[PDB]
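Below you'll find only one chain, the form deposited in one PDB entry, shown as structure tokens.
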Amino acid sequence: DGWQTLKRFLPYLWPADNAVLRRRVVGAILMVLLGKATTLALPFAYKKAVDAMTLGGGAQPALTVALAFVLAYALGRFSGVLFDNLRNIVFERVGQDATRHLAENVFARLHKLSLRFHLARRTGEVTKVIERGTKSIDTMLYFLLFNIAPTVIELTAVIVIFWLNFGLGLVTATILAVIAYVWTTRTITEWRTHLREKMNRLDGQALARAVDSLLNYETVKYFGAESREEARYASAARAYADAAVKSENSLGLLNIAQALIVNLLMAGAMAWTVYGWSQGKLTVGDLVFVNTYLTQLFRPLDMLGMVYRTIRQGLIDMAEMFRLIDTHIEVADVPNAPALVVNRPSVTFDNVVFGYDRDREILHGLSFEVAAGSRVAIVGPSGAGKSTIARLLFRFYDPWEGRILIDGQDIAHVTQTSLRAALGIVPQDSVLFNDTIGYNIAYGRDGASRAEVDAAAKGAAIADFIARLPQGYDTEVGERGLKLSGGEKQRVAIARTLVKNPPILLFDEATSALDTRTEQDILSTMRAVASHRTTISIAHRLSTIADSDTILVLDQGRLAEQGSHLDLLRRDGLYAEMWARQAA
């Protein structure tokens, strides 16, 4: 509930560092206290000012006493407002710092979590949650913190004052009033919360549908599907509006009940006071006093019945953000993991059995050894699952059984960072940042110099194409570089991995989008650049890999045939069939 959320948020407000920020909170609390004391004082001055005017005076009738007391009243009101604005000004920095640290922590945690949480994740939910939560925590914190506590202080103070100045039927009346108020408010809020949860869930679903439609604009255009999308959005919007109408009607009923109770209590107290006046026990200033005290007390509470809905939503949103921060990490490093030390880059697969889900096993005891410095190819027909090999090597997931070794070391027992530092990959579908081509190429290593980018662009055979562009390296690619052709994007990917210069390199359909001459050029660069590293090339078109040291042919998640190109042509098996057929 909300109480747990606030208890979780409380450590951020009173940090255990920054000795400077801690003092400001104390000062702000002191300002709050002075403001309350002044606003509490001013009605006693008003009551006495009224008392003086009627039934004689002490020096002069009203020339001096009435003027002095009216000016004291006005100056008091102004002083209270001044203190309130001063507390706001002093406090605002602590809040800004607290929310900045919350945002930074959530961002870091989201980058640390496992990919399986990224494979099915809607863009709209994450973006909406972070934007909404930052705005939410600022609004909720200010309204919550600075319009509830002083009212409690004033309620206790008023109880004390009634104690000191009257008989205690007033005390019993007010205590019963507060008890009724709390019980009624709680039961109504309980009824209201289920409908609130339903409304919020429907809103989130509608927004995610809308974003997916907008994100697939090309496909919606190709098939003329505009009307279908419009109807699909319209239905969700109507359902949401209905739920909202029910929610606000219940809010209105709760507000009417609360105002009835409050005004009943005021009626009763004023009546008892006038009855007491009839017997000559009390002056009429007592009447003015009680009236002013009650209205001053109840103004902050009546203010709230029109900011309720927002505060509620804010509290929900903050709970949501903590929920996101709490989800656990599926794949983590072991305790005290040693660093990876790569001296001779052999690769061993030892009886690896794996699948994404327990109901579909994909690899069936695949074992093989890739010798250091050798050039090997991995081929198979479609659906083979060869792209898992690579995804497993980077430890995006762990094997159910068996193990992977690099230089004789179990990759489950080493640090993730050294492992991924030792490996380079060129994937099938490469994504570009929304920035210049020069930034995208320099991204491979921290601080890439002009010489490294020039060398890589030469090795990638894109130098002339860039030279003929008007803006050169500053040509914008757009979103996912959708402004560049496929061969251009694949060349940028090759350049990136060239800039990394990793000891072990993986080509994952690296050449599939290029023309023949470009292909032969980059293939020659790849052969030259492979001098003393382990290179694994996964290719569809066999002619580009026929000179490999060894070829692994996978079918249906297992190793069907293994050996050199000549051995497989002699065996007359699957490889021979594939190659012969393709040649014709």
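Start at 1 with the first residue shown and count on from there.
The same protein also has a form solved in complex with a small molecule, omitted here; what follows describes it.
Though the small molecule is absent from this view, in the bound PDB entry it lies within 4.5 Å of a heavy atom of just one residue from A422, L251, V453, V90, which is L251.
Only one of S79, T415, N501, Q258 lies close to the small molecule in the bound PDB entry, with a heavy atom inside 4.5 Å, and it is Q258. By the criterion of a heavy atom within 4.5 Å, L301 is counted among the residues contacting the small molecule in the bound PDB entry. When the small molecule is considered in the bound PDB entry, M306 lines it closely, a heavy atom lying within 4.5 Å.
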